[PDB]
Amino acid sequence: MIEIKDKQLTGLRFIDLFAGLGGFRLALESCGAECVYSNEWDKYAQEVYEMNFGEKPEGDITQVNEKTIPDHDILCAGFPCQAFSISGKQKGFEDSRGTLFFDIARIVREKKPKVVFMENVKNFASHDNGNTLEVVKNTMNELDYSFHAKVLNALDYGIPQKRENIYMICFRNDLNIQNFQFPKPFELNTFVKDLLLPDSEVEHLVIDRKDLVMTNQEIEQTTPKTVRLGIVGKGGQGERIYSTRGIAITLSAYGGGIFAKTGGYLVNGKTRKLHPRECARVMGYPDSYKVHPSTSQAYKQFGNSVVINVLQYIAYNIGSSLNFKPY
């Protein structure tokens, strides 16, 4: 994450729904905002959350009475994506994990915050011929909010990862916010090899598979794209090896393959997946963030998370728009 000198969100209160690692909390707090409520039902996510913020998030949002939720100015929610991701079965709203948005609508309808800041996977924008996004748009609209949605790639915001996600910013209508803008892309100057830990700390991640098939030549020049160098097995998910001179592939929560949830990388002649701390860095998390003691749970959490830097630039722009109140 980056440093924010102008705390655009000072004095504002927000809630952290589907909290996970608290990515939205880090981003909004760096802008001066105050978290007044968090909700996360996963046991291990709750532990790492408390480990970093000192509070245990409330469980199952579907069982929480929205009237009990504290007053807040900004509602943050990176809701479940398994049902909309290009990597899943795309059952969408028909999935028991695909209807969490209506819980968000329920909370908004009752708490009516100034802003609703949501995030989901790229395919969310195309799912069901665009009907899924349309439904969220109309729901927000009839809830009396404006709807700003756009898919941003983390590689355009200083993070070496081709992670694309849809960001949806909603302003209450009575606020007449007419100058909100998604952050503009800038040149990437950080690559995977810049975030890697020393070899001595990741030796245990070195995999020597005799079915490795290097398909491409290593590149000596850094590039803002993923560069596949080879595969193992059939080259499916978690079976692809990339260059550390390029950018990382999207970190995943339930990913499979020998290089599960991170992808494989060529590092000083050996192939290995990423270390939880490297996943943290690829997601824009500061080294001060405490990862979960279970590497398995940490991989799942970072793969489910958000890119801090991207949320910071957005949060900053949300605050800039809310603070523009000329006579």
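We number the residues from 1 along the sequence you see.
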*asked:* Highest mean C-alpha temperature factor of the two stretches 61 to 69 and 256 to 264, which is it?
replied: 61 to 69
*Between 36 to 44 and 296 to 304, which has the larger average Cα B-factor in the PDB entry?*
36 to 44
*Return the residue from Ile219, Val121, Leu152, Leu196 that has the highest Cα B-factor in the entry.*
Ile219
*Going by the deposited entry, which of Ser87, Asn165, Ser146, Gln237 has the highest CA temperature factor?*
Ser146
*Looking at the entry's B-factor column for C-alpha atoms only, identify whether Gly11 ranks in the lowest, middle or highest third of its chain.*
highest
*Sort the modelled residues of this chain by their C-alpha B factor and say whether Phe101 lands in the lowest, middle or highest third.*
middle
*Lowest, middle or highest third: where is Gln161 by C-alpha B factor in its chain?*
lowest
*Considering only modelled residues of the same chain, in which third does the CA B-factor of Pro80 rank: lowest, middle or highest?*
lowest
*Sorting the chain's CA B-factors, does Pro276 end up in the lowest, middle or highest third?*
lowest
